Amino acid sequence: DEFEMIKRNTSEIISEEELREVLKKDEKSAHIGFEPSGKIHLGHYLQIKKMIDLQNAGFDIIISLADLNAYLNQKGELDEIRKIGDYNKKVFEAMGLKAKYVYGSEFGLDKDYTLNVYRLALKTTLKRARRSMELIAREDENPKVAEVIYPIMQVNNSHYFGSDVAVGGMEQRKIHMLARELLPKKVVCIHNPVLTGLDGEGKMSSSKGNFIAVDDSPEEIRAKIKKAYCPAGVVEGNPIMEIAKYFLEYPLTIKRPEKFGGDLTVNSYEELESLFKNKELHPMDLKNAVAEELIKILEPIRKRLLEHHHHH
């Protein structure tokens, strides 16, 4: 059953047969890396929920605050990136994840680590390195050598951790394929879906109004949900429906006035989907319910962080 609980809401597992062999082990390990981000949003939360699934399946979890990778991906100076990392650690802990948190710079400048970067550089074609960064590399009119060092560094992190399982978004799949080719131990890769941003124009990100941050205030959640892309009857690419799929708890009741059908009890996401596609559920009522539900879902994260922020 652990296999299906791990598989739930994933986009792919490379490969399922290898995962089942991993689940036979007495001790098993998984890791994920994040470039430190000033906002920790529902996209991050989706992946942390998967790490919690792995933890509940008996995995030891490592969270890599990949500040050296963010440095190579033009995220600023190294000292400021690590200060954002410190904050990210606090947010992940506030989410219920007990894990080991490691900074990429704590090990990623060691002599033996660096020597393996260069060894991997001897085996990785430029063509493969650049193709692996297509969905990852900060767009750039004059591409820099840092762009092809990045994927080898991410591969080397996997080698350093020695994990059975590497977790990430679907955009990581080419780097993970490189890791399965370059390293003696093939990591089992679990890929999570990429969440659509609130704007309805590509992935969720820190751009203004495009995200729900896990520590957003209730009025911010309502305002950003209210103006999100959400056409009537449209489910594909609809970020409000994706949030309902991946974060809400069912059954739930959608509160409606009497003229529009009154309260509506929804047994599951699939019933919610049926009602939205058939236009029995109006976008305005869908948004109100998703906002109020999200507020309740995220409240413990918010109040946990707020009590820390008072240093008390």
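In this text, residue numbers run from 1 along the sequence as written.
The stretch 8 to 16 shows the higher mean C-alpha B-factor when 8 to 16 is compared against 287 to 295 in the entry.
Relative to one another, 241 to 249 and 50 to 58 have unequal mean CA B-factors, and 50 to 58 is the one with the higher figure.
Ranking 262, 43, 36, 33 by the C-alpha B-factor listed in the PDB entry places 262 at the top. The residue among 176, 222, 75, 144 whose C-alpha atom has the highest B-factor in the PDB entry is 75. Ranked against the other modelled residues of its chain, the C-alpha B-factor of residue 84 as given in the entry falls in the highest third. Sort the modelled residues of the chain by CA B factor and residue 92 lands in the middle third. Annotation for residue 112: CA B-factor lies in the middle third of the chain's modelled residues. Annotation for residue 202: CA B-factor lies in the highest third of the chain's modelled residues. Sorting the modelled residues of the chain by their CA temperature factor places residue 187 in the middle third.
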